[PDB]
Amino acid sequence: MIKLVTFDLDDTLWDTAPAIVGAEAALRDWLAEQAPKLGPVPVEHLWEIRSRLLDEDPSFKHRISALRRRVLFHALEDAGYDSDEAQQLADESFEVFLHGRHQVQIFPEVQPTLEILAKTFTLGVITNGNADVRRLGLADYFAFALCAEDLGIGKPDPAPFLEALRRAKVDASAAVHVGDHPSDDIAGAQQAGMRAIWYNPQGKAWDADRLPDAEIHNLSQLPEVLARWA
């Protein structure tokens, strides 16, 4: 019997692109006004900085919020601001980015289904990103929410899955992870010993030899799918 069901956030519970596009635009406009010494910055330029940081410390890849604040800092300093005002503007502009990326549209299928599942399963979140369920309508459905930045390591590494299993106190064979990414969610959870349900609403083809343990196109299929393994 399945005791634990964990879920990926971006493109599993909502479409990721729109809220991140809006967040970028918001970050952009706030800098144009509040840091007018930085000026129109090509995507190319933040990346140059980002890549230097990742070369100096590759583990930054698992700390996406810290990484972005640091990139913003270096860009600001390098455009003329005092170390102190740069840090302070970096901090403020990031908080504007982060408020923006939380303006997501949760799929309609999500709340009704989480409510059903919570009657019978312990539920958790495992995300590489910086969407925080407490900021959304969702904190109360989940026993816990894990993110790579707090762990210092992200999916598909075993660590985040093992930590979920620890917090629930269940063995891998009693757990299912649900997500949209073939490598991060599916292969990741399976290599940690769990079952994995692939969320594929657009009906994409699967191309790895090990199959998802199930595939769905709508989250409200979860209760029937999980009952298979009861």
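So that there is no doubt, residue numbering starts at 1 and follows the sequence shown.
In this entry, 39-47 shows the higher mean Cα temperature factor of the pair 39-47 and 192-200.
With 14-22 and 213-221 compared on mean CA B-factor from the PDB entry, the stretch scoring higher is 14-22. Taking the PDB entry at face value, the top CA B factor among 122, 111, 88, 128 belongs to 88. Of the candidates 75, 146, 117, 159, the PDB record gives 75 the highest C-alpha temperature factor.
The entry lists a Cα temperature factor for residue 171 that places it in the middle third of the chain's modelled residues. Residue-level temperature factors show residue 163 in the middle third of its chain, judged at the C-alpha atom. In the deposited entry, the Cα temperature factor of residue 101 sits in the top third of values across the chain's modelled residues. Split the chain's modelled residues into thirds by C-alpha temperature factor. Residue 68 is in the middle one. Among all modelled residues in this chain, the alpha-carbon of residue 205 has a temperature factor (C-alpha) in the middle third.
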